[PDB]
Amino acid sequence: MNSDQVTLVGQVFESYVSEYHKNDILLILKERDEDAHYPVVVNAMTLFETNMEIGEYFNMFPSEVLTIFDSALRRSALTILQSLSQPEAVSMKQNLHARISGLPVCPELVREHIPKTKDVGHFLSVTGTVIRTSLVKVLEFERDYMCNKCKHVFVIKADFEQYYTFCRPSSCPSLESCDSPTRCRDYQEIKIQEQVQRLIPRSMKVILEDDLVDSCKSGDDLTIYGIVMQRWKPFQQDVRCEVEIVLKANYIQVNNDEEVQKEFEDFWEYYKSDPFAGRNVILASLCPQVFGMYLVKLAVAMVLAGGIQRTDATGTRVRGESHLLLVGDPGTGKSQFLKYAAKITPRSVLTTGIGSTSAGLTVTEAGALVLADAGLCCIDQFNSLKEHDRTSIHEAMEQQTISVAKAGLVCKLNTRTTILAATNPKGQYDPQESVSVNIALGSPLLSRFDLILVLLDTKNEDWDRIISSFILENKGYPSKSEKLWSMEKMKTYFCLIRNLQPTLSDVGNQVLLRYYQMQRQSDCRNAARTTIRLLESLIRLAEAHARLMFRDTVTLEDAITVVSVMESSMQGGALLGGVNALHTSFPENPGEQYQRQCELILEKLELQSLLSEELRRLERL
Amino acid sequence: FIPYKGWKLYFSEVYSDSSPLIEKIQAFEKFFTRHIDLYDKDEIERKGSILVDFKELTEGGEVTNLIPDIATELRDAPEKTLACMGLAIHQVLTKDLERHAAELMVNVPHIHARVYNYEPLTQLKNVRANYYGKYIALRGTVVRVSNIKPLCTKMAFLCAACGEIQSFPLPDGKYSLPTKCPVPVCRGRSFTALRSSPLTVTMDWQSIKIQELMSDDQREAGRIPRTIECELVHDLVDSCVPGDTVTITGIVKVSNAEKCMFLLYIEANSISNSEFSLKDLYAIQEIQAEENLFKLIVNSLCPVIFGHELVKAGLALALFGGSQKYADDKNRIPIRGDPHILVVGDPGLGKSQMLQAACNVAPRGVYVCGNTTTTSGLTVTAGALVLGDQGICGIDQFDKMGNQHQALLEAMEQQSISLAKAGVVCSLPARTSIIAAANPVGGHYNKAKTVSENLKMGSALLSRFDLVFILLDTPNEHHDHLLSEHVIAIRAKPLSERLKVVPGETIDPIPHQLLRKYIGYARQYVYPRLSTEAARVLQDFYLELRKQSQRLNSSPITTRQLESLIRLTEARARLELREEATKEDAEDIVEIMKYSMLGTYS
Ligand SMILES: Nc1ncnc2c1ncn2[C@@H]1O[C@H](COP(=O)(O)OP(=O)(O)O)[C@@H](O)[C@H]1O
Ligand SMILES: Nc1ncnc2c1ncn2[C@@H]1O[C@H](COP(=O)(O)OP(=O)(O)O)[C@@H](O)[C@H]1O
Ligand SMILES: [Mg+2]
Ligand SMILES: [Mg+2]
């Protein structure tokens, strides 16, 4: 390169670092130790837009720029030390480094796939996970060997391209014709596997150096801004030489459009007079290959909504998710719902159940529950799930954490997953002889499931004809209106409402408390659904219903909806009556039904002081 | 002064106007010059590839007019004839770019030559010694795709004394030394490596294994077909997935150091992706031309067995199959389009050869017993179901299984199978048409009991199957006489009589070899669909079936039967090579259905 170019580049970086990076260098100067290591973080877009010439000089030879910036940082530190007013609690350090970040979003610099052979000497950005990890080891850099046959000492260095080997020199750079270890560094070796979510992918062997050692973990998402170079091997006569692709790291990250919003507020601002029309439209687009079955489709959305985790200070943490289980005669559509819900959720694992061994349901290696962190694992054929395995999940289903010390290793892992289940009612189902009798599951397990919906096929002469016409005429989506919704829109909708944190209110909790106190003993209090875990779920479902309607303040409507749904969930013994889930259709007008439901609920449980306020609010809208 | 600027990159020889290749150069350059206005400039500029079709060369153009020795020259000389394509392409592109620039410099890179559509298919089992360095063509599948690793071909060397470094064309990745250097003058040597200069060039690499199909020569020996390796050079790779049907043309070379002991491998030159002869078509039209096609195909599956018309009709219906529904493409959730038939009856009725013949007449089949296989055998551990993809995987001795019953409900219904190691994704398709035959629990089935206790089957696995035929053995008089006469002679209107053969006529069966080629044509050129007239009959049947059997005791009737009736009505539209649904078409699937349903429970 030209002599003036590097000088101008160094001037640019030193000016930028002196203008925008005084606090960090001041902090770095005021530290103990003399010569260990100290990095500096510098953004790229700002200095790229400050001068147009630096970018062209940078993104063609990404080797000299780092050294020039290191020299600029050194001279800046020297200048600051010279112009210092408190030279007592300060120390001068000879080891500085550079770390650039904030690369543009150009398609050819944010490539997700590993380059084949075309990117050598190009600055790239890759993302992926971690598989293997080596040990901390120390290299030798430079020797300063004894001077032979001459006087001036030699400062020969090592070469990276030859696996850190040393070549014996014989031609001295001496002016005349006469021609004849307290240094340490750091090292590591890591393997990166490309993610499958955004895609079998191959592996990238990344090499770390200096401070980057002991800064990565197995099983985390990484983003490295490194250079791509080639590593050779010693040559053998009359064979095929071997090469490899590596990635020298220069920076690391531990990371783990207004149009979509504007569309969402347009949608939930148009539906202002009628708030339940939006909810009806949301529920209709779920699994639109099935006719009817309002309650189950609402329950699936409520379960998939989620909740918030609330951990106490010292040791304890409570559950913040929900679980669902369905029972019914074969041929009702249980598998369709699981298949459809296995796709909307970003991360989901589909398993057979009885065909899955103990290596998946628990830890062995990662199984199924641990592998589905922050996701949803679907469970099928729960009738005979290998009773040992069927009972060895009580710990991880309620405490969200496994605690195993098999073979004297003492390993602890985290698992937070919503479980969906569907099993056949072995034996001819009866209206009486509650689920604990027909399916014969233990009471401790038949308490952690929030909603248990029962499906029964009975004698009717209308639903059969409607479903026969639906199947035969091939009338996909009988509502020919072009509202629908695409699957990507639903995925974005359910991936965006997970960020809101609703807060409880006073017109709310009183209703749930009175309902729980009333239900704790009416005349039979069932046998297993009247424990303390009932109220712990009545809040998690009422809160989840509030995150599907774009708000963060629970009101009377959410409480009424959740109470009605959960009361309908409890088959047989109840306080209003049981309604079959399958024989339910979308109401033509939801406002009148909501008003009737509120008037029916708020009379026998004495909260009449709220009914007047609610009717006044409903009238004035 | 040389018109061809890229001479150094191409052939490495001193330029002299005496080689015979010059005439070929002008012939090929003229051929490319006339036919130039059909190729996208950007694709050739980026990825060097000219997909020259051999038919155009064979068409008798100036390529053959100027020189008639083109096929012989191509076969005998692998590289001399091949690189003339690259020479002509480079020259024509560079002159076109020069003309365009002058009207309103040029550093175009290397362009490879691609010659495909090679007509004489020299299949395997014939390449041992003679086919050395001779251009041939192959055909097979891919099973052993491997990883990538770069290699170097023109890495540079250091120079002695003065400068003037050089870029020796190292051959096929074998390290060598420049015992002489051209340079201006003086001695050579300069034996030092300089593997950092941009003179060094690298390219990708791959390795593929090919297993050759069934083809012909159905020898009883269990010798696996021979396999030959493949090597992809440049701009290729990631063009294949485990399991395909590919045609590969390339030079045949000999490897080393698997010591004068070597093997055989092929360097690829062109890859394609994805056939019936004219005589096969003529035969299938004559087969379609028959006046009674259903009788001829139902009474030719197995002529040894006498009687049992309906079971053979059901097997014939199962062999063809139905249609696959991809409704609501954004989410689909596809539904399977093949039936499943179980045969249960007393021993000695012959329910073990109607299945052997059905397995024989199939594009892809497999026969497995019910005692030598476990859960790890039927499912993936490559299980039997995977090997029977797009075919039939008939299983014998079904009743005796007692532990693998709950292992195939997911596989047959989900239309897919996942990994059996803790269920950690890695799913593979498995399309099967499982056919099973079994005997009652107590040997002979008595006539005064309940049906449920005589099968030892739950309500889950008994409802998946579309048809469960029940056969009885009763001591008649006429039937036994006729059967005895037939079984000794071998050693020397409802839809039940129109198919029976009245003695005194010839019903000469079609050979199974010809019938095998018929199913393959049927299953990939006709997609039947239901008509408005036929759906009414099925709906009416379902309506009186449900309302009648919802009170009586029988297997519960779900919505699965409505889909099964549609599937079977679609099935009786690919046997006759039609795309409709006539009223008789739906009426013929009612009488057959009344042989495991109501017509039998009594
Ligand atoms: N409302 C409906 N509309 C269309 N098809 C339906 C409906 N209900 C059930 N089905 C059919 O029933 C099948 C569902 O079977 P399912 O009951 O999930 O099996 P399992 O009992 O083993 O879970 C689907 O293939 C679907 O075609
Ligand atoms: N209709 C028939 N015509 C000629 N042979 C028959 C007939 N039915 C049965 N057989 C004889 O019975 C044998 C088949 O026995 P099979 O009933 O399949 O045993 P399994 O009941 O154990 O399956 C064959 O060898 C065949 O010769
Ligand atoms: Mg199922
Ligand atoms: Mg048999």
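Values quoted throughout were computed directly from the atomic coordinates according to the rules given, and no laboratory measurement underlies them. Positions of Cβ are generated from backbone atoms using ideal geometry, with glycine treated the same way; all protein chains shown enter the neighbour counts.
General observations
- As a rough footprinting exposure proxy, the listed residues B:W205, A:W485 were ranked by other beta carbons within 10 Å of their own, and the order from fewest upward is A:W485, B:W205.
- The 3J(HN,Hα) values that the Karplus relation (6.51, -1.76, 1.60; θ = phi - 60°) gives for segment A:386-397 are, in residue order, 6, 2, 3, 5, 4, 9, 7, 10, 5, 4, 6, 7 Hz. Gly and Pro appear as x.
- Under Karplus coefficients 6.51, -1.76 and 1.60, residue-wise ³J(HN,Hα) of segment B:474-480 in Hz, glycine/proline x: 10, x, 7, 10, 5, 5, 5
- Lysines with Cα under 17 Å of A:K475, excluding same-chain neighbours fewer than 8 positions away: A:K483, B:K325, B:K330
- Sequence-distant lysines (8 or more away, or on other chains) whose Cα lies within less than 22 Å of B:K154: A:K116, A:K118, A:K233, B:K5, B:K8, B:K47, B:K80, B:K174, B:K180, B:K253
- Residues within the reach of a label modelled at B:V526 (point 7 angstrom out along Cα to beta-carbon, backbone nitrogen below 16 Å), restricted to segment B:288-316, are B:288-298, B:316.
- Using a Förster distance of 60 Å, the FRET efficiency for A:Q236-A:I308 (Cβ separation, nearest 0.05): 0.45
- Partner chain coverage, peptide A:455-464 - average Cβ within 10 angstrom: 2
- Each part reduced to its alpha carbon centroid, segment B:407-454 and segment B:37-115 end up 58 Å apart.
- Taken along its principal axes, the alpha carbon cloud of the protein assembly as shown reaches lengths of 117, 96, 67 Å, longest axis first.
- Comparing B:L387, B:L236, B:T141 along the charge dipole axis of the protein assembly as shown, the residue lying farthest to the positive side is B:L387, per the Cβ-charge model.
- Here, segment A:512-611 yields an orientationally averaged convex hull projection of 7.3 nm² when only Cα atoms define the hull.
- Distance distribution note for segment B:467-602: the fraction of Cα pairs above 23 angstrom is 54%.
- Sorted largest first, extent of chain B alpha carbons per principal axis (Å): 110, 58, 53
- Residues in segment A:42-81 that a label on A:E209 would reach, taking backbone N under 20 Å of a point 7 Å out along Cα→Cβ: A:42, A:58-74
- With contacts taken as Cα pairs under 8 Å and at least 6 residues apart, segment B:393-453 reaches a relative contact order of 42 percent.
- Cβ-Cβ FRET estimate between A:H97 and A:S134, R0 fixed at 22 Å, reported to 0.05: 0.50
- Nearby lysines by direct alpha-carbon distance to B:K456 (threshold 17 angstrom, same-chain neighbours under 8 apart not counted): A:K426, B:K400, B:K447
- The mean of 1/r over all distinct Cα pairs in segment B:116-162, once inverted, gives the Kirkwood hydrodynamic radius of 15.8 Å.
- An oblate overall shape is assigned to segment A:267-369, the ratio a/c of its alpha-carbon gyration tensor axes (a ≥ b ≥ c) being 1.5 or greater and a/b not exceeding b/c.
- Which of B:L419, B:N454, B:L409, positive extreme of dipole for segment B:370-459 (C-beta unit charges): B:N454
- Summed residue charge, Cβ within 11 Å of A:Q11's Cβ, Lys/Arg positive, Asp/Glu negative: -1
- Cα-based shape type of segment B:520-571, given that a ≥ b ≥ c are square roots of the gyration tensor eigenvalues and the cut on a/c is 1.5: oblate
- By the beta-carbon count within 10 Å of each Cβ, the least crowded to most crowded order of A:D186, B:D76, fewest first, is B:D76, A:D186.
- Note on segment B:152-217 and segment B:1-21: Cα centroid distance 21 Å, given to the nearest whole angstrom.
- Shape category assigned to segment A:408-564 from the gyration tensor of Cα positions, a/c cut at 1.5: rounded
- With each label modelled as a point 7 angstrom along the Cα→C-beta vector, the A:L66-A:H583 pair spans 7.4 nm.
- Segment A:110-157 and segment A:539-581 have Cα centres spaced 61 Å apart.
- All other residues whose Cβ lies under 14 angstrom from that of A:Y20 are scored, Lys and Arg at +1 and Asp and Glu at -1, for a net of -3.
- Debye-sum result for segment B:304-439 in log10 I(q)/I(0), which assumes one identical scatterer on each alpha carbon, at q = 0.16, 0.21 Å⁻¹: -0.87, -1.36
- Residues within the reach of a label modelled at B:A129 (point 7 angstrom out along Cα to beta-carbon, backbone nitrogen below 20 Å), restricted to segment B:221-253, are B:252-253.
- Only DSSP H runs of four or more residues enter the estimate; each adds -39500 (n - 2.57), and after division by the residues of the protein assembly as shown the mean residue ellipticity at 222 nm equals -9500 deg cm²/dmol.
- Projected label points at A:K191 and B:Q397, each 7 Å from Cα along the beta carbon direction, are separated by 4.3 nanometres.
- Cα-centre dipole for segment A:199-259 with unit charges at Cβ (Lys and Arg positive, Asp and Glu negative), debye to 20: 580
- Label-to-label distance for B:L428 and A:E603 is 6.5 nm, based on points extended 7 Å past Cα in the beta-carbon direction.
- Alpha-carbon Rg/Rh ratio, for chain A, with Rh computed the Kirkwood way: 1.09
- Residue exposure proxy: B:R364, B:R187, ordered by other Cβ atoms within 10 angstrom of their Cβ from fewest to most, comes out as B:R187, B:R364.
- Using a Förster distance of 41 Å, the FRET efficiency for B:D40-B:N147 (Cβ separation, nearest 0.05): 0.85
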